[PDB]
6 protein chains.
Amino acid sequence: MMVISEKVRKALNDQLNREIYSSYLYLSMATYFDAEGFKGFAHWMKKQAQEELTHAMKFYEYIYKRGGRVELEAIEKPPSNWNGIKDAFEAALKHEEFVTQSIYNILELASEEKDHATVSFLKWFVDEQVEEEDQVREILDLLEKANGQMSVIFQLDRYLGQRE
Amino acid sequence: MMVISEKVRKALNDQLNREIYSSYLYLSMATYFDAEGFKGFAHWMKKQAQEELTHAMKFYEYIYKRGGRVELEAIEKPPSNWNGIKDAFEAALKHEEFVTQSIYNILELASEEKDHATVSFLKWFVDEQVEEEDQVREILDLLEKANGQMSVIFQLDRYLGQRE
Amino acid sequence: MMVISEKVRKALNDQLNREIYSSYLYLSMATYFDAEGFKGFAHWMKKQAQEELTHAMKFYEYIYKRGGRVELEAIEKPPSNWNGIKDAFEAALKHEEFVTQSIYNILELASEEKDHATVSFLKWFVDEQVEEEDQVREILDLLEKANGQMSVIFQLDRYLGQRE
Amino acid sequence: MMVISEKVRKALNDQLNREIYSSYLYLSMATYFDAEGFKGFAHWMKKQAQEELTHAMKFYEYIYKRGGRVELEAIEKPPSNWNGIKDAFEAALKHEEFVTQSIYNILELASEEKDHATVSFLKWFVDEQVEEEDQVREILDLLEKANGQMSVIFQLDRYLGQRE
Amino acid sequence: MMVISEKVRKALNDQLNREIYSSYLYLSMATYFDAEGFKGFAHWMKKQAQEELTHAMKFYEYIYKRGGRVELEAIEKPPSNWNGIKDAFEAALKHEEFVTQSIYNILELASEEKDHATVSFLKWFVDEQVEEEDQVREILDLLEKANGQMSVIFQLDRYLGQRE
Amino acid sequence: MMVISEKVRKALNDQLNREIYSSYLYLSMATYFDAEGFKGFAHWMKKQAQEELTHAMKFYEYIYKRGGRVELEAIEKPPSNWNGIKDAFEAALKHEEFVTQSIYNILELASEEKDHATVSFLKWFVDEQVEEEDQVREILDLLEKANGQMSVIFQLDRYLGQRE
Ligand SMILES: CCCCCCCCCCCCCCCCCCCC
Ligand SMILES: CCCCCCCCCCCCCCCCCCCC
Ligand SMILES: CCCCCCCCCCCCCCCCCCCC
Ligand SMILES: [Fe+3]
Ligand SMILES: [Fe+3]
Ligand SMILES: [Fe+3]
Ligand SMILES: [Fe+3]
Ligand SMILES: [Fe+3]
Ligand SMILES: [Fe+3]
């Protein structure tokens, strides 16, 4: 029997599908970077897409551990184009902050229901979101300091393509 | 400049999106098996989902090698339930046969345009599809021999749960 | 369900039985060389017989992978005698070319029916036939220069007796 | 010079061709098991086919050691179908006992001619047939206890698929 | 005896000489880059000249395997100068695309004659040409982003100078 | 600034193209040996062809080290046919002696101009030419002792096929 409420279960299932879209969105940024010839930036986004799937699977396993079930929903078409290298990463940061707020909303719902298990489970994502936002802010800061010089952009592309 | 025709490029980009859905469909079959308590079958479907992602990324790589660009499209909601273990694998089998026919159509399109590079590239998927269909047929054959006998179904769940 | 046509399955099953006969034929050439006291040439033919069996088993595996069945047929009695070492290899070259043409006919039949899986599967045998015909031609050209000189035939016997 | 009588050489050459058919017969039993979806039992028959070929090559080497030569004959078409797993292995047992009696006849013929070299050479096959018959009797005994229970047949198939 | 047609042998022999000229052409671009003081770009072209030689030897090997012989023809004088780094690599891309079409013509010729051995042999060059064109397009894209900036050109020179 | 005179650079550039032809000539001798079925002699000529390319690149390096630039010229069609194995190697010897005399002429030209750097650089080729002429003379002496006997020629083919 399910020991999370249907409201909490649906909130968690909604976030799983949101994590799937985040994966799809980052792959779409890879299609943009590859079209612009930045295979290092595209590589960074492909690795980011795979990491987002592990976030989705962590929601997946917790839902079943609490006696629930996952229902996959349609994935909306992501944007394919951005007005430059820095514009894409600014869209990534805005998305991650949106995901952080979505995690907050589940946390507050679970907290009002005294669902301490789900509240505690979400702590990992709260801390992880802090790191996800910082990693994009650092990249954005280096892109701003580059100020469009292919000199620096070439090294940052080579550097981000180095991601394991 | 793109050296594949827009017709061939659209056919390849469509197949990439079909591979993305195939991954999603097998993830949804994993949600079904996990809901039914068969963590070995669910594990098998999760591994199949990741293998379909590598199929999509192969189309991804080739499109850019020929000067094209990938555009990710919306992903339809897959079915979430099946009328049994054998009904799911039968849906998996006919999905894969449909995928083989879709690859066949690109090959014939590429062949009529004398796009030998794409014809040769598609050979790996033709051979791979032979194995994809065969492994599902083997599971269906073992499930039919099982005839819904839990002691045998337990062994196949453990067996498929060992997939690397 | 069989996903190859009955016409193609019979063509593939016929070639399996042809590969079995070729295996048998090379063993019979070994019986001739051993009768003549050339254990190096006989060793080469015994290894060639084993190699043809792996060709037959490759057809075996593909037929079942496509949902078909193998039916073994009677094997004709091969010749037991040849008019010397060079006459045997002249029969071997003529035989390999016959096998190559038999592979060609299956390839063209599968191609007419748009059976791309079988067309792709046969590519391995096409390339292998290039090597097998070349190996016999190399031996025949070296035998032609030998002109029956026993000092050269011994070293070639010792050399071919070293086959892995 | 040949130091075995032509009567003995013919008996040994006939047995060689019998071993070739034995290999072919067990390969045909593999085609039946593979058609029925028991790839473990089919694996057992494919390995058994290889072992019969080593029996043929043992007769091969001895015939030439005694100054004789081998003449390969046509191979009869083996049966392609059996009415069940127990029917196939029971046909295997009766074939092996028929092979044992044929070896007995050579031993008695050779001993009446006081061909002690051939009598002693056949000792290895006499002992080997004891093991060949016993291994089939053991499988038949396990099949009789299984009485068609798929849970038992499944891992008996897996066990015989482990044959080295 | 030659088992490829004279029409196909000449087509293959013509392509071998084409590969020889391409080898010579890339060596000539190295003389240009070295004259301009770019030892990294020159190093890249010297490695490319050697890779083209292995292409020629592959055609060499196959022609003799099919019973033909190679006849070396005169090599035209390649251009010695170019209007810039990007002019050379754009001439390299145009040449490689011309080489691919020459491979396409041989494949279509061989297929019209049902020379399946040559059609299958040429698949390797079809796939290789995809990579040859892709790597030059990548360099052209990096040169376009450099836009003549010596700070960026210095990085691309050292990068291409690291080619093994 | 170029520190060799234009007359010395032209003499060096002419020898570079001469070395390129020497490589091409030995590859042509390989096509003849392969056409005659002597894969050992052909292997020797293929290795010799690769060695001549390193001679050309040595001239390539020295010309640029002295501030000059290389201009590649057209390569004449080499001969494809010889009367026999001993003609090919006798043509190789007289070609190498011609190369030695051409190096002598550059040496005397450079010494007339008191270009001590080029004179000392050429010493390596003077000593190397002694070895190249010697190794061909040894092969010619063994072929003369063979006197067209195929049993001895086969041993020399195998031996020269071992060249590293
Ligand atoms: C090497 C580059 C890899 C890029 C991967 C991009 C993945 C995008 C996925 C979008 C959503 C489609 C459904 C994915 C299901 C994944 C299931 C994983 C189970 C372990
Ligand atoms: C050196 C031995 C050559 C033997 C040639 C025999 C020709 C006729 C053989 C008929 C039966 C062949 C059975 C082959 C079974 C192979 C099983 C392989 C399993 C991986
Ligand atoms: C490192 C620079 C190399 C430049 C090569 C330019 C070649 C131009 C044509 C001259 C003839 C080349 C013959 C090559 C024969 C190679 C044989 C290899 C056998 C494995
Ligand atoms: Fe996330
Ligand atoms: Fe797929
Ligand atoms: Fe064959
Ligand atoms: Fe036996
Ligand atoms: Fe090439
Ligand atoms: Fe030289």
# chains A, B, ... in the order shown; residues from 1 in each chain; ligands from 1
>>> residues_around(residues="residue 153 (chain E)", least_positions_apart="2", cutoff="10 Å", atoms="only C-alpha atoms", output="list in words")
residues 151 of chain A; 38, 41, 85, 142, 143, 145, 146, 147, 148, 149, 150, 151, 155, 156, 157, 158 and 159 of chain E
>>> write_last_selection(atoms="C-alpha atoms", output="compact mmCIF listing (two decimals), in the first residue's frame")
# COMPACT_ATOMS: atom_id res chain seq x y z
CA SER A 151 40.92 33.34 -27.72
CA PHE E 38 53.14 27.40 -39.59
CA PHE E 41 49.61 23.16 -40.02
CA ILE E 85 45.32 29.26 -44.46
CA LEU E 142 37.75 26.92 -36.36
CA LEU E 143 39.59 29.07 -38.90
CA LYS E 145 36.08 31.76 -35.76
CA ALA E 146 39.76 32.72 -35.60
CA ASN E 147 39.06 35.40 -38.24
CA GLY E 148 42.77 35.90 -38.81
CA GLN E 149 43.60 36.53 -35.15
CA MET E 150 47.16 35.32 -34.65
CA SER E 151 46.49 34.54 -30.99
CA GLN E 155 46.46 27.79 -30.72
CA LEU E 156 45.08 26.00 -33.79
CA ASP E 157 48.61 25.56 -35.17
CA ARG E 158 49.84 23.91 -31.96
CA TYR E 159 46.61 21.90 -31.74
>>> residues_near_ligand(ligand="ligand 6", cutoff="9 Å", atoms="only C-alpha atoms and all ligand atoms", output="PyMOL selection string")
chain C and resi 18-20+22-23+51-56+96+99-100+103+125+128-129+132
>>> residues_near_ligand(ligand="ligand 1", cutoff="6 Å", atoms="only C-alpha atoms and all ligand atoms", output="list in words")
residues 20, 23, 24, 27, 46, 49 and 50 of chain A; 20, 23, 24, 27, 46, 49 and 50 of chain B
>>> select_by_dssp(residues="chain C", states="helix (DSSP H, G or I)", output="PyMOL selection string")
chain C and resi 6-35+39-65+85-112+116-121+123-146+150-160
>>> interface_residues(of="chain F", to="chain E", cutoff="9 Å", atoms="only C-alpha atoms", output="list in words")
residues 24, 27, 28, 31, 32, 34, 35, 60, 64, 67, 68, 69, 70, 71, 72, 73, 74, 75, 76, 77, 78, 79 and 80 of chain F
>>> write_last_selection(atoms="N, CA, C and O atoms", output="compact mmCIF listing (two decimals), in the first residue's frame")
# COMPACT_ATOMS: atom_id res chain seq x y z
N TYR F 24 58.63 6.52 -56.09
CA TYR F 24 57.62 6.09 -57.05
C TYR F 24 58.13 4.95 -57.93
O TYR F 24 57.38 4.01 -58.24
N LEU F 27 58.04 1.71 -55.94
CA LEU F 27 56.66 1.23 -55.87
C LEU F 27 56.25 0.58 -57.18
O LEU F 27 55.52 -0.42 -57.18
N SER F 28 56.72 1.12 -58.30
CA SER F 28 56.40 0.53 -59.60
C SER F 28 57.06 -0.84 -59.75
O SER F 28 56.47 -1.76 -60.34
N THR F 31 54.84 -3.20 -58.04
CA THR F 31 53.72 -3.62 -58.86
C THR F 31 54.12 -4.71 -59.85
O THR F 31 53.31 -5.59 -60.16
N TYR F 32 55.36 -4.67 -60.34
CA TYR F 32 55.83 -5.71 -61.25
C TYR F 32 56.05 -7.02 -60.51
O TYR F 32 55.60 -8.09 -60.96
N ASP F 34 54.72 -8.00 -57.68
CA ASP F 34 53.41 -8.53 -57.30
C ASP F 34 52.69 -9.14 -58.49
O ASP F 34 52.02 -10.17 -58.37
N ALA F 35 52.82 -8.52 -59.67
CA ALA F 35 52.22 -9.08 -60.87
C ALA F 35 52.85 -10.42 -61.23
O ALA F 35 52.17 -11.30 -61.77
N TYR F 60 63.80 18.13 -47.58
CA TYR F 60 62.73 19.06 -47.22
C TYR F 60 63.10 19.88 -45.99
O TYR F 60 62.95 21.10 -45.97
N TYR F 64 64.26 24.26 -45.68
CA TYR F 64 63.56 25.24 -44.85
C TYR F 64 64.44 25.75 -43.72
O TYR F 64 64.31 26.91 -43.31
N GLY F 67 66.26 28.76 -44.80
CA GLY F 67 65.45 29.86 -45.27
C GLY F 67 64.87 29.69 -46.66
O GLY F 67 64.33 30.66 -47.21
N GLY F 68 64.95 28.49 -47.24
CA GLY F 68 64.38 28.22 -48.54
C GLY F 68 62.99 27.60 -48.43
O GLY F 68 62.47 27.35 -47.35
N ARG F 69 62.40 27.36 -49.60
CA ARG F 69 61.08 26.77 -49.67
C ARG F 69 61.06 25.70 -50.75
O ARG F 69 61.79 25.77 -51.74
N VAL F 70 60.25 24.67 -50.52
CA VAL F 70 60.15 23.53 -51.42
C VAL F 70 59.03 23.77 -52.43
O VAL F 70 57.94 24.23 -52.07
N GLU F 71 59.31 23.46 -53.69
CA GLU F 71 58.30 23.48 -54.75
C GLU F 71 58.26 22.09 -55.38
O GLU F 71 59.24 21.66 -55.99
N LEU F 72 57.13 21.41 -55.23
CA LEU F 72 56.98 20.07 -55.78
C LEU F 72 56.69 20.14 -57.27
O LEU F 72 55.85 20.94 -57.71
N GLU F 73 57.38 19.31 -58.04
CA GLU F 73 57.22 19.25 -59.49
C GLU F 73 56.49 17.97 -59.89
O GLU F 73 56.32 17.05 -59.09
N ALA F 74 56.06 17.94 -61.15
CA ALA F 74 55.40 16.77 -61.69
C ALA F 74 56.31 15.55 -61.62
O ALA F 74 57.54 15.66 -61.68
N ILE F 75 55.70 14.38 -61.49
CA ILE F 75 56.42 13.11 -61.40
C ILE F 75 56.16 12.35 -62.68
O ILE F 75 55.01 12.09 -63.05
N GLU F 76 57.24 11.98 -63.38
CA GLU F 76 57.10 11.24 -64.62
C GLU F 76 56.57 9.84 -64.35
O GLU F 76 56.71 9.29 -63.26
N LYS F 77 55.95 9.27 -65.37
CA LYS F 77 55.45 7.90 -65.27
C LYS F 77 56.63 6.94 -65.21
O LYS F 77 57.48 6.96 -66.11
N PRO F 78 56.74 6.10 -64.19
CA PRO F 78 57.85 5.15 -64.13
C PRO F 78 57.55 3.95 -65.00
O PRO F 78 56.39 3.70 -65.36
N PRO F 79 58.57 3.18 -65.38
CA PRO F 79 58.32 1.93 -66.11
C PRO F 79 57.56 0.93 -65.25
O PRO F 79 57.72 0.88 -64.03
N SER F 80 56.71 0.14 -65.91
CA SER F 80 55.91 -0.87 -65.24
C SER F 80 56.35 -2.30 -65.52
O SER F 80 55.89 -3.22 -64.83
>>> residues_around(residues="residue 3 (chain B)", least_positions_apart="4", cutoff="10 Å", atoms="only C-alpha atoms", output="list in words")
residues 9, 63, 65, 66, 67, 68 and 115 of chain B; 97 of chain E
>>> write_last_selection(atoms="N, CA and C atoms", output="compact mmCIF listing (two decimals), in the first residue's frame")
# COMPACT_ATOMS: atom_id res chain seq x y z
N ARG B 9 17.98 14.34 -44.54
CA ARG B 9 18.20 14.91 -43.21
C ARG B 9 16.94 14.84 -42.36
N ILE B 63 24.38 13.06 -38.38
CA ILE B 63 23.74 14.23 -38.97
C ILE B 63 24.70 15.42 -39.00
N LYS B 65 28.01 15.21 -38.83
CA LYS B 65 29.14 14.88 -39.69
C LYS B 65 28.85 15.22 -41.15
N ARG B 66 27.59 15.13 -41.57
CA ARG B 66 27.20 15.47 -42.92
C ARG B 66 26.75 16.92 -43.07
N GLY B 67 27.02 17.77 -42.08
CA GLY B 67 26.71 19.18 -42.18
C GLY B 67 25.29 19.56 -41.83
N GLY B 68 24.51 18.65 -41.25
CA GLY B 68 23.15 18.96 -40.86
C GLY B 68 23.05 19.37 -39.41
N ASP B 115 22.73 8.34 -52.11
CA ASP B 115 23.44 8.80 -50.92
C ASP B 115 24.09 7.57 -50.28
N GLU E 97 35.87 16.08 -51.30
CA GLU E 97 34.53 15.86 -51.83
C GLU E 97 34.60 15.32 -53.26
>>> closest_residue(among="C:2, C:107, C:16, C:139", to="residue 58 (chain C)", atoms="only C-alpha atoms")
C:16
>>> closest_residue(among="F:116, F:110, F:62, F:141", to="residue 93 (chain F)", atoms="only C-alpha atoms")
F:141
>>> residues_around(residues="residue 86 (chain F)", least_positions_apart="2", cutoff="9 Å", atoms="only C-alpha atoms", output="PyMOL selection string")
chain F and resi 82-84+88-91+139-140+143-144+148
